[PDB]
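Student: Pasting a structure here, questions to come.
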Amino acid sequence: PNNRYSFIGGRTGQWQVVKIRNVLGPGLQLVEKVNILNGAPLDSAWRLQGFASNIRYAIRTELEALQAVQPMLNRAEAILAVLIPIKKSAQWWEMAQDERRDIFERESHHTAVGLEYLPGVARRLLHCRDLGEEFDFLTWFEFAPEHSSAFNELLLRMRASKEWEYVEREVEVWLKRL
Amino acid sequence: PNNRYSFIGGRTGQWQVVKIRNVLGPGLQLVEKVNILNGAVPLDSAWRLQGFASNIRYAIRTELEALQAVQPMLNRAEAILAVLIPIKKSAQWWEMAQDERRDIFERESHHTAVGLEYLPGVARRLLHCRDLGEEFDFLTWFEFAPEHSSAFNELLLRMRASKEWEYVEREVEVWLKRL
Ligand code: HEM
Ligand code: HEM
Ligand SMILES: [Cl-]
Ligand SMILES: [O-]
Ligand SMILES: [O-]
């Protein structure tokens with residue numbers, strides 16, 4: 001599959017690691033670089049993988065709003081990135097669809113809050129629970145240096161939300177584009 | 001992992017192939033048997049399908065609770081017939097937003113309400129495979145005593161008349177008998 005992406009921490013890649021912050025639960029080993037590959041090698045400490053998939057929660061009017069402002073990846077100015085792997089608890093995944101949507105948006109305003117940080121912050125969402133991975137999602141953010149304060153504020157805002165009562169594991173990997 | 005299943009059409013397995021109906025689009029080659037394996041993966045085998053069990057995508061809590069009231073376990077003794085139905089939906093289905101797909105699925109189509117009429121005759125399992133890059137999007141599995149083949153067939157004619165099924169672009173029925 002080429003909806004599949006792998007991220008390999010180790011000594012080679014497009015991206016220098018700048019910092020890793022072990023927010024919640026067990027961390028990831030610090031390494032020099034992350035190599036990103038479309039598909040599924042020595043001197044590598046960890047590999048994470050996920051796939052791009054269909055929309056799970058956003059309704060039409062939210063999609064139209066996102067599409068009006070969201071930027072593309074690979075802007076020349078967007079030389080910083082942040083890879084944030086996330087795992088949610090088993091109680092999250094047993095809930096029904098309405099219960100989860102209600103937490104994600106009605107209670108937490110995930111989409112409304114995130115829209116306040118576009119178009120500065122470009123984003124990608126990959127899924128991995130269904131592959132058996134140690135994390136449920138691989139989230140990817142890239143932005144110009146001007147926006148790193150704003151991005152740090154977004155994170156504090158999201159982590160205070162009801163949605164985040166269900167996050168069990170979270171790591172931040174700050175990257176600079178080589 | 002544990003959540004992945006493979007279905008191999010060939011000369012071995014636990015299920016005998018009674019008929020294959022090539023309902024829509026290209027079919028599957030007729031084979032003698034189906035082997036079902038927990039895991040990902042075939043010498044005298046003609047085709048191999050796979051999918052994963054996953055979280056709920058559409059049902060709401062009160063639907064889940066009704067379903068959970070009545071739905072039968074798999075591998076009942078009398079449940080000697082099974083039907084494997086691989087399904088592919090169109091690209092236009094997958095671009096739509098979540099509310100739009102939910103509204104087609106239940107509000108316009110009453111998938112869950114219509115299906116609930118046929119429990120506990122029919123037991124079922126749903127497996128996902130679009131995200132794996134498979135040639136189908138879903139493997140659906142249904143098992144029942146012979147007493148319900150008629151009713152199962154009526155369900156199918158019903159569901160295929162629905163708005164949901166206007167987005168279905170490939171469908172095969174593999175009818176099976178347990179060995
Ligand atoms: C930058 C602005 C952001 C926007 C516009 C945004 C928007 C979205 C949207 C629309 C979804 C739903 C996709 C769907 O329906 O399938 C989503 C999912 C998700 N986002 Fe964000 N997001 C933002 C920032 C963040 C941040 C900063 C994090 C992590 C620290 C994050 C973590 C996630 C996760 C883990 C999911 C998957 C949720 C689930 O399926 O349970 N998002 N986001
Ligand atoms: C027999 C009684 C049935 C019941 C109780 C039933 C119930 C359900 C439910 C509740 C879902 C949505 C699961 C979710 O929220 O993730 C579903 C999905 C689905 N069903 Fe059924 N169903 C039945 C019959 C059938 C039949 C006969 C077929 C095929 C010919 C079928 C094909 C599918 C497909 C392909 C999906 C996934 C649809 C999607 O995600 O786009 N179902 N069913
Ligand atoms: Cl795989
Ligand atoms: O996101
Ligand atoms: O189903």
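Chain labels follow the order of the structure tokens: the first chain is A, the next B, and so on; residue numbering restarts at 1 in every chain, and ligands are counted from 1 in their shown order.
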When you get a sec, could you note down which chain B residues fall within 12 Å of chain A, using only C-alpha atoms, as a PyMOL selection string?
Tutor: chain B and resi 1-4+39-40+51-65+91-103+127-135+137
Student: Output the neighbourhood of ligand 4 as an NGL selection string, that is, all protein and nucleic acid residues with some atom at most 9 Å from the ligand, counting only C-alpha atoms and all ligand atoms.
Tutor: :A and (110-111 or 114 or 123-126 or 139-141)
Student: Taking only C-alpha atoms and all ligand atoms into account, list the residues no farther than 8 Å from ligand 5, as a PyMOL selection string.
Tutor: chain B and resi 124-126+140-141
Student: Would you export the selected residues with N, CA, C and O atoms as a PDB file, in the first residue's frame, please?
Tutor:
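Here's the written file part_33.pdb:
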ATOM      1  N   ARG B 124     -23.484 -12.520  12.510  1.00  0.00           N
ATOM      2  CA  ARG B 124     -22.675 -11.792  11.534  1.00  0.00           C
ATOM      3  C   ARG B 124     -21.332 -11.329  12.110  1.00  0.00           C
ATOM      4  O   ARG B 124     -21.185 -11.090  13.299  1.00  0.00           O
ATOM      5  N   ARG B 125     -20.396 -11.076  11.190  1.00  0.00           N
ATOM      6  CA  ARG B 125     -19.115 -10.449  11.449  1.00  0.00           C
ATOM      7  C   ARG B 125     -18.808  -9.503  10.296  1.00  0.00           C
ATOM      8  O   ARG B 125     -19.103  -9.799   9.110  1.00  0.00           O
ATOM      9  N   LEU B 126     -18.225  -8.362  10.648  1.00  0.00           N
ATOM     10  CA  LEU B 126     -17.818  -7.358   9.699  1.00  0.00           C
ATOM     11  C   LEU B 126     -16.318  -7.182   9.762  1.00  0.00           C
ATOM     12  O   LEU B 126     -15.769  -6.921  10.826  1.00  0.00           O
ATOM     13  N   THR B 140     -17.879  -9.373   4.738  1.00  0.00           N
ATOM     14  CA  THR B 140     -19.007  -9.640   5.617  1.00  0.00           C
ATOM     15  C   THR B 140     -19.277 -11.132   5.664  1.00  0.00           C
ATOM     16  O   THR B 140     -19.136 -11.842   4.675  1.00  0.00           O
ATOM     17  N   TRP B 141     -19.648 -11.611   6.829  1.00  0.00           N
ATOM     18  CA  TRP B 141     -19.752 -13.034   7.077  1.00  0.00           C
ATOM     19  C   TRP B 141     -21.050 -13.215   7.822  1.00  0.00           C
ATOM     20  O   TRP B 141     -21.323 -12.460   8.755  1.00  0.00           O
TER      21      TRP B 141
END
Student: Just the number, please: distance in Å from atom CA of residue 68 of chain A to atom CA of residue 148 of chain A, one decimal.
Tutor: 22.3 Å
Student: Taking the DSSP assignment computed from this structure's backbone, write out as a CSV table (one decimal) with N, CA, C and O atoms, in the first residue's frame all residues of segment 97-147 of chain B that belong to helix (DSSP H, G or I).
Tutor:
chain,number,residue,atom,x,y,z
B,98,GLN,N,-18.7,12.4,7.2
B,98,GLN,CA,-19.2,11.5,8.2
B,98,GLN,C,-20.7,11.6,8.3
B,98,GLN,O,-21.4,10.5,8.2
B,99,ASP,N,-21.3,12.7,8.4
B,99,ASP,CA,-22.7,12.9,8.5
B,99,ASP,C,-23.4,12.4,7.3
B,99,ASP,O,-24.5,11.9,7.3
B,100,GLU,N,-22.8,12.7,6.1
B,100,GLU,CA,-23.4,12.3,4.9
B,100,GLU,C,-23.5,10.8,4.8
B,100,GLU,O,-24.5,10.3,4.3
B,101,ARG,N,-22.5,10.1,5.1
B,101,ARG,CA,-22.5,8.7,5.0
B,101,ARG,C,-23.4,8.1,6.1
B,101,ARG,O,-24.1,7.2,5.8
B,102,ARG,N,-23.4,8.6,7.3
B,102,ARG,CA,-24.3,8.1,8.3
B,102,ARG,C,-25.8,8.3,7.8
B,102,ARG,O,-26.6,7.5,8.1
B,103,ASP,N,-26.1,9.4,7.2
B,103,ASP,CA,-27.4,9.7,6.9
B,103,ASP,C,-27.9,8.7,5.8
B,103,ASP,O,-29.1,8.3,5.8
B,104,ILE,N,-27.0,8.4,4.8
B,104,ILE,CA,-27.4,7.4,3.8
B,104,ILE,C,-27.5,6.0,4.5
B,104,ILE,O,-28.4,5.2,4.1
B,105,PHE,N,-26.6,5.7,5.4
B,105,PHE,CA,-26.5,4.3,5.9
B,105,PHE,C,-27.7,4.0,6.7
B,105,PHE,O,-28.3,2.9,6.6
B,106,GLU,N,-28.1,4.9,7.6
B,106,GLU,CA,-29.3,4.5,8.5
B,106,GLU,C,-30.5,5.4,8.2
B,106,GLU,O,-31.6,4.9,8.1
B,107,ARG,N,-30.4,6.7,8.0
B,107,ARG,CA,-31.6,7.4,7.9
B,107,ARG,C,-32.3,7.1,6.6
B,107,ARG,O,-33.6,6.9,6.6
B,108,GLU,N,-31.6,7.1,5.5
B,108,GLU,CA,-32.3,6.8,4.2
B,108,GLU,C,-32.4,5.3,4.0
B,108,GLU,O,-33.4,4.8,3.3
B,111,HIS,N,-30.2,0.5,7.4
B,111,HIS,CA,-29.4,-0.7,7.4
B,111,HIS,C,-29.6,-1.5,8.7
B,111,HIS,O,-29.8,-2.7,8.7
B,112,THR,N,-29.5,-0.8,9.8
B,112,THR,CA,-29.4,-1.5,11.1
B,112,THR,C,-30.8,-2.0,11.4
B,112,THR,O,-31.0,-3.1,11.8
B,113,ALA,N,-31.8,-1.1,11.2
B,113,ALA,CA,-33.2,-1.4,11.5
B,113,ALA,C,-33.7,-2.6,10.7
B,113,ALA,O,-34.4,-3.5,11.2
B,114,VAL,N,-33.3,-2.6,9.4
B,114,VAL,CA,-33.8,-3.7,8.5
B,114,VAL,C,-33.1,-5.0,8.9
B,114,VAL,O,-33.7,-6.1,8.8
B,115,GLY,N,-31.8,-4.9,9.3
B,115,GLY,CA,-31.0,-6.1,9.6
B,115,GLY,C,-31.5,-6.7,10.9
B,115,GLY,O,-31.5,-8.0,11.1
B,116,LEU,N,-31.9,-5.8,11.8
B,116,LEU,CA,-32.3,-6.3,13.1
B,116,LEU,C,-33.5,-7.2,13.0
B,116,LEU,O,-33.7,-8.0,13.9
B,130,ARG,N,-10.4,-1.9,3.0
B,130,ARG,CA,-10.0,-0.8,2.1
B,130,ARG,C,-8.6,-0.3,2.6
B,130,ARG,O,-7.8,-0.1,1.8
B,131,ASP,N,-8.4,-0.1,3.9
B,131,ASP,CA,-7.2,0.6,4.4
B,131,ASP,C,-6.0,-0.3,4.2
B,131,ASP,O,-4.9,0.2,4.4
B,132,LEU,N,-6.2,-1.6,3.8
B,132,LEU,CA,-5.1,-2.4,3.6
B,132,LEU,C,-4.7,-2.4,2.1
B,132,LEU,O,-3.8,-3.1,1.7
B,146,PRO,N,-30.1,-24.0,8.2
B,146,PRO,CA,-30.7,-24.0,6.9
B,146,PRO,C,-32.1,-23.4,6.9
B,146,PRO,O,-32.5,-22.8,5.9
B,147,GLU,N,-32.9,-23.6,8.0
B,147,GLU,CA,-34.2,-23.0,8.2
B,147,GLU,C,-34.3,-21.5,7.9
B,147,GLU,O,-35.4,-21.0,7.8
